[PDB]
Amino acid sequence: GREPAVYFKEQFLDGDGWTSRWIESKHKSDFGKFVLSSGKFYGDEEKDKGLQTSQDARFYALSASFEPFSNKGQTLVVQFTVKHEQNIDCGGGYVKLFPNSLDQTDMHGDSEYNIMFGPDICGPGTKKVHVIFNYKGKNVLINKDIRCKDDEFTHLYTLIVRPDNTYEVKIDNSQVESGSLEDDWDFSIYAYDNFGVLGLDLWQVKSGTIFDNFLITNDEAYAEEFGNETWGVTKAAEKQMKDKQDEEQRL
């Protein structure tokens, strides 16, 4: 049978239909709720709908399952958009890729995972992109400092992992970091037997972040193409709308 290039895609285009694809963890009874919204300003009111954190000072735990796969002998790409529309003080904006053994109804901050990737902000001192590989019972952190975006607009985050043990990180479809797994972490290191769930495990103080346009693919050129069709289409119209609102607030 024909092998797919896309393992997972989520754009939230079918209204409340997303609730059949994403599971809320019940690990705690006080997790915050994600709501479907395109927010105060956006590129397109319908296309720019995504998952938005709705409660301040709260832990979040929501995840989506997909047909399990292995990245052995292939490239792996994880990509999504993050929009901290609230002008965030402190909060996570990263994803985790888990093996199929994860119980989605029990997912939490300390559940075992394979890879963690994305922006984390906590005051001026923490504006970073995490790139964590689980290896031989340790969650190994990248030894390179990658600065994340901190404004109110939609930004595209991309992690590419290749079978030659090389990686690349992109922000807004432009390279920000690259190198070898052997050099940039203190460890087939690239390869995982099973990926089955993508999860949002976050802590936020000022809530309101919107997540959209998730993609997991073995095709790095396609991730760039989809990036331009999503974040690339949102960008200019979103900036025009916020500039217009700031002009209304000014007066």
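Each residue number is its position in the shown sequence, starting from 1.
Participant: I want to verify a possible break: how many residues of the deposited sequence sit between residue 187 and residue 188 without any coordinates (none, 1 to 3, 4 to 9, 10 or more)?
Facilitator: The entry leaves 4 to 9 residues without coordinates here.
Participant: Take the C-alpha B-factors listed in the entry for 208-216 and for 192-200, compute each mean, and give the stretch with the larger one.
Facilitator: Mean B over CA atoms: larger for 192-200.
Participant: Using only C-alpha atoms and the B-factors in the entry, which stretch averages higher, 131-139 or 79-87?
Facilitator: Comparing 131-139 with 79-87, the higher average CA B-factor belongs to 131-139.
Participant: Highest CA temperature factor in the entry: which of 158, 180, 111, 154?
Facilitator: Going by the entry's C-alpha B-factors, 180 comes out highest.
Participant: Compare the C-alpha B factor of residue 228 with those of the other modelled residues in its chain, then answer lowest, middle or highest third.
Facilitator: Answer is middle: the recorded C-alpha B-factor places it there.
Participant: Could you look up the Cα B-factor of residue 39 in the entry and say which third of the chain it sits in: lowest, middle or highest?
Facilitator: Tercile = middle for this residue's CA B-factor.
Participant: Sorting by Cα B-factor within the chain, modelled residues only, which third would residue 162 end up in: lowest, middle or highest?
Facilitator: Residue 162: CA B-factor falls in the middle third of its chain.
Participant: Taking the chain's C-alpha temperature factors as the reference, tell me which third residue 48 falls into: lowest, middle or highest.
Facilitator: Tercile = middle for this residue's CA B-factor.
Participant: What third of the chain, by the recorded C-alpha B-factor, contains residue 24?
Facilitator: Middle third.
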